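What follows is a short report on a single structure.
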Amino acid sequence: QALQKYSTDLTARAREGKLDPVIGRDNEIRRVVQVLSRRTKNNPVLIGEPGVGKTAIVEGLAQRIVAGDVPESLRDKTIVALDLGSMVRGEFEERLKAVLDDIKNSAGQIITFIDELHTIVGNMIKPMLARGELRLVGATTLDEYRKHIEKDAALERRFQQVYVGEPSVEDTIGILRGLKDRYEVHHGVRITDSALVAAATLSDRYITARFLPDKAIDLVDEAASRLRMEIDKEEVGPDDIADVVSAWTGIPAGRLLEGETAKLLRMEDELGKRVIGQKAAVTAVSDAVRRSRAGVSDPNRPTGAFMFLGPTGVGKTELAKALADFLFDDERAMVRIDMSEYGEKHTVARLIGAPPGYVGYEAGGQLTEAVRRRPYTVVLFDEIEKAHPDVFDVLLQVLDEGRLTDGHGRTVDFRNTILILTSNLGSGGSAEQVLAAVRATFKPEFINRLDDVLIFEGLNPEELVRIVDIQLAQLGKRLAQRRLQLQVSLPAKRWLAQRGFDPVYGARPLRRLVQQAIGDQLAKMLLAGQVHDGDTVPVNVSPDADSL
Amino acid sequence: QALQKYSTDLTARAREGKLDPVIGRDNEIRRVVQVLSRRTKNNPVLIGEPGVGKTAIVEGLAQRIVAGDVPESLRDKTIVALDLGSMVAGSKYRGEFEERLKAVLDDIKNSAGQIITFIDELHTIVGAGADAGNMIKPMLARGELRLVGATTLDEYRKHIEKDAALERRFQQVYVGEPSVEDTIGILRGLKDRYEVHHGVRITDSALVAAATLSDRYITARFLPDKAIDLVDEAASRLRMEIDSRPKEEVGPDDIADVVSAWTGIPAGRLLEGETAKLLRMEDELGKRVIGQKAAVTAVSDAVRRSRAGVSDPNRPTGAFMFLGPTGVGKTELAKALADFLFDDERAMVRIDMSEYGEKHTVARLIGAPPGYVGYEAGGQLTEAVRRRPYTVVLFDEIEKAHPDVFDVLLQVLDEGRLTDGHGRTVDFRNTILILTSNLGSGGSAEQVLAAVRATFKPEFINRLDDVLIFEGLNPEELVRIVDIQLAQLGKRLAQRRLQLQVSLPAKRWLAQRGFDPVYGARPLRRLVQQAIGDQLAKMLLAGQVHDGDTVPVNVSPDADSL
Amino acid sequence: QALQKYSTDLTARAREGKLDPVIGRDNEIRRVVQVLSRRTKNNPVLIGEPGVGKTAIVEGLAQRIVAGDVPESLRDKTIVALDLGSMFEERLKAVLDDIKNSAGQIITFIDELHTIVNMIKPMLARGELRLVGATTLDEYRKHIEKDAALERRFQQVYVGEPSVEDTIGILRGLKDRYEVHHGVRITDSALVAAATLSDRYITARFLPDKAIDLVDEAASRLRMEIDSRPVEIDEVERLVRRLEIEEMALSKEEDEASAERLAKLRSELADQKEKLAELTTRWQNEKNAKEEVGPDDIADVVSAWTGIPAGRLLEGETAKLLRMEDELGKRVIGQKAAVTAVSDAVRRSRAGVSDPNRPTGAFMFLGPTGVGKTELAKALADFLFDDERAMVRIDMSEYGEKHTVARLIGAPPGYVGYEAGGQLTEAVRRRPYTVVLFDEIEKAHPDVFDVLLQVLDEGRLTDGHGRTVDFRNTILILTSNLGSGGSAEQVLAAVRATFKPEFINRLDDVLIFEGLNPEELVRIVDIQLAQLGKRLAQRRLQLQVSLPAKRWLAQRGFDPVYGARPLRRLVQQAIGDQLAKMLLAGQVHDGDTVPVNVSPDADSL
Ligand SMILES: Nc1ncnc2c1ncn2[C@@H]1O[C@H](COP(=O)(O)OP(=O)(O)OP(O)(O)=S)[C@@H](O)[C@H]1O
Ligand SMILES: Nc1ncnc2c1ncn2[C@@H]1O[C@H](COP(=O)(O)OP(=O)(O)OP(O)(O)=S)[C@@H](O)[C@H]1O
Ligand SMILES: Nc1ncnc2c1ncn2[C@@H]1O[C@H](COP(=O)(O)OP(=O)(O)OP(O)(O)=S)[C@@H](O)[C@H]1O
Ligand SMILES: Nc1ncnc2c1ncn2[C@@H]1O[C@H](COP(=O)(O)OP(=O)(O)OP(O)(O)=S)[C@@H](O)[C@H]1O
Ligand SMILES: Nc1ncnc2c1ncn2[C@@H]1O[C@H](COP(=O)(O)OP(=O)(O)O)[C@@H](O)[C@H]1O
Ligand SMILES: Nc1ncnc2c1ncn2[C@@H]1O[C@H](COP(=O)(O)OP(=O)(O)O)[C@@H](O)[C@H]1O
């Protein structure tokens, strides 16, 4: 009572009701009060993620004390918190010893409470502990406890671990609707259970950084305040919260709705916006992804295991680069592993990395280490027909059971990824001998487990226009830093085709071909003159090359 | 006035009786006294692993001094419990801790030789530096302060032995843990304090059960406190159960309740109902395994033997190897067992021995020796059994692993031991090892029993229990296999309200299709999928099938129809 | 009422009407009042960097407060500050008691509380003062990011700098105040040029005050040059005056070796004297027919800042860059494909076309040894900085260990090597314009690649202290010799299987040098002999080599497995050996020229 400047009270202000009723989490209080009444290894410590309700539990304990529900062994005691940030090189221990003296002079069982004790731990308080005068209650997280309370601890023999995992959705919903009338008078508009459950599920779904009991309340109170500030609609609602979540993340409030039909029905041209032609292919792949996400197939299998073959450079990779954007929300999600190194017997274990203590161990495997983190990729396999006939064992093990075991000992799961097996077979075969070749080259019962084996059709010599038009409308962005406009002339743009297609490399050069030509040919004018940001820069076909 | 703000008075604390009654440990106290009464270098240090009672010896000497049961030249010495945390606490300056330590030393030596000191966990005396914890040596090797100490073996080795010139001034008294009998004696001494703290009663049968179970199942801690803790927990637990809820003493089954609540192990004395479950086991397990009557009996008898109290308490709870034809149901029996006695079909630890064709890949389940790349990670198998020490270990198809991995199981079995890279040990004493294979595959019991003897060696075949030979799928009962599959399918189709109406001809044909005697029931799940689930996935996304439809199937001449 | 002395006021200054120009940031003000009208985690803190305009944000907040645009809980709220120009712990009770007795109507604004955080924390846990904060992000993360004891009452509010179209309005709202001291005119041309030019180029400070300091320094520079003789009329005059005194002290030199230094210092004087006259004559033209700020002094102050060149078209730099591919062919021979590529990416930066958030160029060339993959980078660094010493060259062969990543990043605080700073970061933090050479990238530990993966497409990286140095105006070069025997597929596969494809992704064109041939070797023999002459011109012993001699040389050392180094070895062994045999045996003393000629096998001097 003489040095009460680096610590607060919990039972005094509980005579005022300055604390929230603590509905939920009625088991942890029994656990704590049971550990607090032993003879040794008493004075527990709460262990859990930040923002889950550890302080909430200790406050509820204080409130049950002031009410009177505990055994008389614990009856008639106060609780005091400790702020570690109020002290901090040195003199931290001076104030700490001045505090411990007061605690000992308390001459009773006046229980303390220390939040984030792993800032203290040490050998200064253990004699205070192993004598029977203080009782501390703590708080930290699991990995912290494993660090500051496990390596140099030697005190783990007097701290009891109590776990506070995290609430469920249907439980934090009750928590919220219990903590509702408060804000209904603080701001005061109106509250709908629809808004509450919407906040809960949307935070759970898209806010993957924080945790539930406060993560939800954050959005609820911020949205209520935004609605109050609006009055410079007299109700709150689910859209009234999706707008907040969108202003929080960046993704628009439209897509923040149904994710099954509103996705399967988008498998239309929204793919064909980035991919071109091959409409049979896109429709087939869309069937594959739709009927697989229905919810009747075996739950332990990839979400798609189709392959496609034919000519090069027509967009074989581009279909996957676009598909990763629509489903997993990124084009930096695919992983491509060439089956050209894997032409020997031994190198098949390079994509796992076998033993602890050999050359490639901490480097992990090529196929697994890129999956156990971010398990939502889109795996490609260039020129699979060249891989040694031993990789197929690992591959069949994948697509027959959604699991695999790396070198470390971890278990990885492939039950929500998409396999893709490209190939350059089909040199002359149109549709007749190409399938005979791919039925005789690969194992016959392997292809029994695949999905559709669709064959890309060549670029229609007219349907080079759409791809080059996408390329050109893209490069229309290039010189927007100067706002210079571009000229198009269908003879010139078609003159790129017959001299840049090169159907041995698909359509690969048509990016450098045009960017180097236009950019570094204008690089004289763009420095001297001849152009400004209203000039379409008329470029045309000289009888030989592409002058202006 | 220096050793009053940096120390307590342990002998005065013993006078007020605030200490627990040290019981036994007479050789150690006699050695400590005969070391503490020397002429020069009278400094004993109690060394021993954590929890074995190293401070209790010093409190015992304190109580003995108070009672006057010490030799001639040791009466009224008033030992003192020094501490350094309250000295190195406030000082950020040059020469500030040294004046404190020098005042303390001067006050100890200005009094006559009657201030026996006591620094506990003295491995925290090597620091204090920034030439500190080092002023103490000239007074140490001259018999001026006694300095009874107590540290752990590991901490001693790590901190003190790097300073050999100070280890010379210490005599190591080795404190070894007591056996179960001395632990029972200690508990008999200490029962009263707990009986008074918690307003309950404690029974000697419960004490014996604590000291015994605390030694067969908790194989990481040490005895005199590992045993006391069970008593304390059960007493507090019973007190809570008596209160707060509007024959009242701890019994020899509450301790089993605790030691089974944590560690998971079902150690106990067969509470009622569990016995009914165990008796009704051969059939309750048959609901997921059709046939193989000769094999389920062995496993069931093994489990019953283990829990009835008649089984060698230091050897695995079963080491069967069952082998036979292909797709007969071996792995499936294993999974059915694991689901039976754990309620989680993945609560087992299966390793796929088809991957160890190369010699070196053994290190995955051992770990790597000191000084190599993956060292502090440990071994897969060792770490997977060190926690959850009650699982069912499974070795799928141990016939590809070339004959150098066998020689690790050769001592896994028959003792339940295994050592990782760090030199620890795991206890397999209460798992069930199961290892399948495929040798033979169709032949008589003497055309497979010879291939076994030509593949494995006597030292290994001689380790395990019965070598079960699985039968063939009787062409009459496959309707029940199909029924099991359809039960699984219907359970999967319950997020909606769908049901199935499979006709007898449909079921009969489904069994008749895809059960070739060369592959057994292997190509059946895939067939059911491709012939029902695909057809219905095309039929659910395109309307005309909505939740509630008891979808009927039919047996059209060609492949099945809906 | 006892804080009227220890703190200023903004409830009365706003009624009187004096406040700095606040335009924009109205959404920020709305965010601040919105977070103030909450129950928990209210009372925000502003996060940014010095000179973004959060001071202006709170000032506009105060003006809007006195005007009235508020909710009900904001009855003018009499927001005040707590003057950090008022600084002991016995007075702070007297300061805090006034706010404590109030009902939350005198809320404070702790400008730069980053150092304030005992006394304010318990008085915050009861919830009586708002204590509006404003700091920077790194100091925030250091001080009050890890302490969750106080992070339950602080909601960080991010702010950005650029408001270009209103930055010009701010310049206007300040243009009046900068024309008073400097007797100059600050034109809208200058406003809009500085608002538009120093933004991407001078990327060390931030627009809302760097666009201010540019105009301030331009004003001061112009006011200085208004004095009779301006810049570049005060420069060649100070040069020619000094040059003369260097000539009048060399005539009285009884030396023959300094005559050639007297015979040149005279000439450069004769060359600089004219350009003095030409400017002086043209001066009177403008004297009878600069007195105002424009767009040229802007680029002037840009160039004089951070060494970065950023002008309209700098009238001495025009024909150099179109001559680059040819100007570079004086030092590097062959690899037309490589010189075209390395060249087409310097203009696209001096033109303003290239991507503004990526290095001004970053790509790799590799191939056999002794081809020029290092002489090319050296030649590049020689004609941009005019001295080859001005290239940052780090070797990746010493970084073969994992824990050597902290060698070029620095070691964390509290360790031994801490004040020494980094090795790569500490060179690009101060004066970033150089070219950084990564010698033998293959020999490095495949973990430093994860740092260049950051530098690519982000343009910065962090060090041991936590700050971020910028990498947006340099060129990054990679050298290696993977394969070294394969045509094009072995080396392609080797680099593809040695580096991540998402590291080769952000790279520009990947270059493969060919190797030298007989036709390109005579041009190298000439460079070698010219450099050798320039070297032994310190004893005035010029050489005289014949065409059969140069052909004998260029034929002798050619073998297409080691490149060109055998040529230097042969030059030394065949000429310098004999020459140094004679030079200390007399008979070839200073001031001499010895001819060489082909003999049947050797070439006698
Ligand atoms: N059962 C509950 N009853 C009432 N409020 C609860 C409950 N569980 C969580 N909360 C609230 O959730 C928020 C989380 O606050 P805290 O309990 O302090 O978080 P924490 O888990 O203790 O970790 P810290 O201390 O925030 S780092 C507070 O507003 C609590 O009041
Ligand atoms: N011989 C004994 N007689 C009575 N009680 C004992 C005896 N041995 C151990 N105990 C009790 O068992 C526990 C042993 O704890 P301590 O010996 O005090 O700790 P420790 O043995 O020093 O281990 P550390 O390393 O200090 S944590 C205490 O509760 C003792 O009272
Ligand atoms: N008696 C049985 N009761 C139920 N399902 C069975 C039975 N026998 C086989 N099966 C089914 O057969 C399928 C595969 O059987 P498995 O036991 O996995 O084959 P196996 O015993 O592992 O033999 P191999 O050599 O490993 S293929 C599973 O779907 C089981 O459900
Ligand atoms: N095309 C060239 N232009 C200019 N100097 C050249 C050329 N080819 C060779 N040289 C000279 O020959 C030597 C080769 O220098 P480097 O460029 O370091 O060799 P390199 O091509 O880098 O081979 P490595 O892999 O670095 S050993 C230097 O003395 C160069 O001056
Ligand atoms: N249908 C298409 N839609 C869009 N771009 C396409 C299409 N077909 C080919 N392309 C373009 O052709 C080029 C080749 O892409 P890709 O197939 O990934 O090449 P590679 O086979 O060399 O890896 C890319 O620039 C890609 O955008
Ligand atoms: N939007 C604005 N436009 C023009 N001048 C401004 C604007 N906001 C503030 N100012 C003035 O210019 C100064 C720029 O520095 P300031 O914004 O105070 O930085 P800080 O407070 O972060 O140190 C302000 O102090 C103010 O006098």
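Chain A residue numbers are taken from Swiss-Prot; in order, the displayed residues are 159-246, 252-284, 297-407, 530-845.
Note: Cβ is positioned from N, Cα and C throughout, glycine not excepted.
As given in Swiss-Prot:
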type: BINDING; residues: A:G206, A:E207, A:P208, A:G209, A:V210, A:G211, A:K212, A:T213; note: ATP 1 binding site
type: BINDING; residues: A:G607, A:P608, A:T609, A:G610, A:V611, A:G612, A:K613, A:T614; note: ATP 2 binding site
type: REGION; residues: A:557-755; note: region 'NBD2'
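Proximity to chain C (Cβ-Cβ distance under 8 Å) holds for the following binding-site residues out of A:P208, A:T213, A:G607, A:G612: A:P208. When the Cα of A:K212 (ATP 1 binding site) is compared against those of the binding-site residues A:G607, A:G610, A:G612, A:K613, A:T614, the shortest separation belongs to A:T614. Every protein chain considered, the tally of other Cβ atoms within 10 Å of the Cβ of A:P208 (ATP 1 binding site) stands at 15. For A:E207 (ATP 1 binding site), the same-chain residues that are 6 or more apart in sequence and have a Cβ closer than 8 Å to its Cβ are A:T316, A:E341, A:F386. With a cut-off of 6 Å between Cβ and the nearest atom of ligand 1, the binding-site residues A:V210, A:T609, A:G610, A:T614 reduce to A:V210. The distance from the Cα of A:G610 (ATP 2 binding site) to the Cα of A:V210 (ATP 1 binding site) comes to 52 Å. Its Cβ placed at the centre, A:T614 (ATP 2 binding site) has 16 other Cβ atoms within 10 Å. Taking the Cα of A:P608 (ATP 2 binding site) as the reference point, the closest of the binding-site residues A:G209, A:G211, A:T213 is A:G209. If you measure from the Cα atom of A:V210 (ATP 1 binding site) to that of A:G607 (ATP 2 binding site), you get 55 Å. Summary of the ATP 2 site environment: with the site residues A:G607, A:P608, A:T609, A:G610, A:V611, A:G612, A:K613, A:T614 set aside, the chain residues having Cβ atoms within 8 Å of the Cβ mean position are A:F753, A:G803. A:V611 (ATP 2 binding site) sits 51 Å from A:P208 (ATP 1 binding site), taking the C-alpha atoms as the reference points. Each residue contributes its Cα atom, and for A:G607 (ATP 2 binding site) and A:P208 (ATP 1 binding site) those atoms are 53 Å apart. The 10 Å shell around the Cβ of A:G610 (ATP 2 binding site) contains 18 further Cβ atoms across the protein chains shown. When other Cβ atoms within 10 Å of the Cβ of A:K613 (ATP 2 binding site) are tallied across all protein chains shown, the result is 22. Residue density at A:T213 (ATP 1 binding site): 17 other Cβ atoms are found within 10 A of its Cβ, drawing on all protein chains shown. Take the binding-site residues A:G211, A:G607: by the count of other Cβ atoms within 10 Å of each Cβ, the lowest one is A:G607. The record gives A:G206, A:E207, A:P208, A:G209, A:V210, A:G211, A:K212, A:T213 for ATP 1. Within 8 Å of the mean position of their Cβ atoms, the other Cβ atoms in that chain belong to A:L204, A:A214, A:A314, A:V339, A:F386, A:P388.
A:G612 (ATP 2 binding site) and A:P208 (ATP 1 binding site) are 47 Å apart (CA-CA, integer value).
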